[PDB]
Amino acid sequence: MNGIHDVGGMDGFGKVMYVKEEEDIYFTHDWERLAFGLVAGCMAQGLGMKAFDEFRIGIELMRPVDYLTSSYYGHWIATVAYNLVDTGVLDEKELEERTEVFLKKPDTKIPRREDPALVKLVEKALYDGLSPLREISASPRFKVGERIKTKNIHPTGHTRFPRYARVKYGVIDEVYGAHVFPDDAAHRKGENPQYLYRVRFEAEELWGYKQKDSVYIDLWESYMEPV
């Protein structure tokens, strides 16, 4: 989707707010910690999301005014809500009613439950991860060193093909292997793994600018065509 999230090459966002690392606090509100626990706890069990693809598209679907104002972990709350309702884990109306409860009475007590087996299950996700590397029977279309041209495509669903990299000549830097394909997986349409490549682009091609800058971008095979 050509959405607010796809910011590379945009102007007007201003100065980077530098902070010394030792002062760069992770969390300032408990709900932000809770957001982390909700995301990893659900993903560990495949609830609403099996990996990060489904996660990301829920964020990208946010209203632009929310995306820019919610704060980071607000994005995470939005996507958990989106995906749990979309998959039928949670009912929309029940979630709205319960949200109203906590809006009107923020100190409403949270139910407590210990589940040590669930703890171990969550730990396994944390340490074993969710590698998207697969094997497929097809051979790669492109080779290291090949000059490619990226496509003029505009998926209205999820994609990892940033707008600033579209309709650009680049050079294949590495063939990683076949990875789960985000444009399908985000929408629960199958892993449908495709070869993933790292591709170098020069500043002159990206921007028409004159410095010794380049960008390395990881692109799935279907984002590109031969020259």
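One rule holds for the numbers: they count along the sequence shown, beginning at 1.
> Mind pulling up the entry and telling me whether 53 to 61 or 183 to 191 has the higher mean Cα temperature factor?
183 to 191 has the higher mean C-alpha B-factor.
> When the Cα temperature factors in the entry are averaged, is it 120 to 128 or 152 to 160 that ends up higher?
It is 120 to 128 that shows the higher mean C-alpha B-factor.
> If you check the C-alpha B-factor for each of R141, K93, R147, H75 in the entry, which is highest?
Highest C-alpha B-factor among the listed residues goes to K93.
> Of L206, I217, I25, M10, which one's C-alpha B factor is largest in the deposited record?
Max CA B-factor in the entry, restricted to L206, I217, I25, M10: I25.
> With respect to C-alpha B-factor, does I4 fall in the lowest, middle or highest third of the chain as deposited?
Middle third, going by the recorded CA B-factors of the chain.
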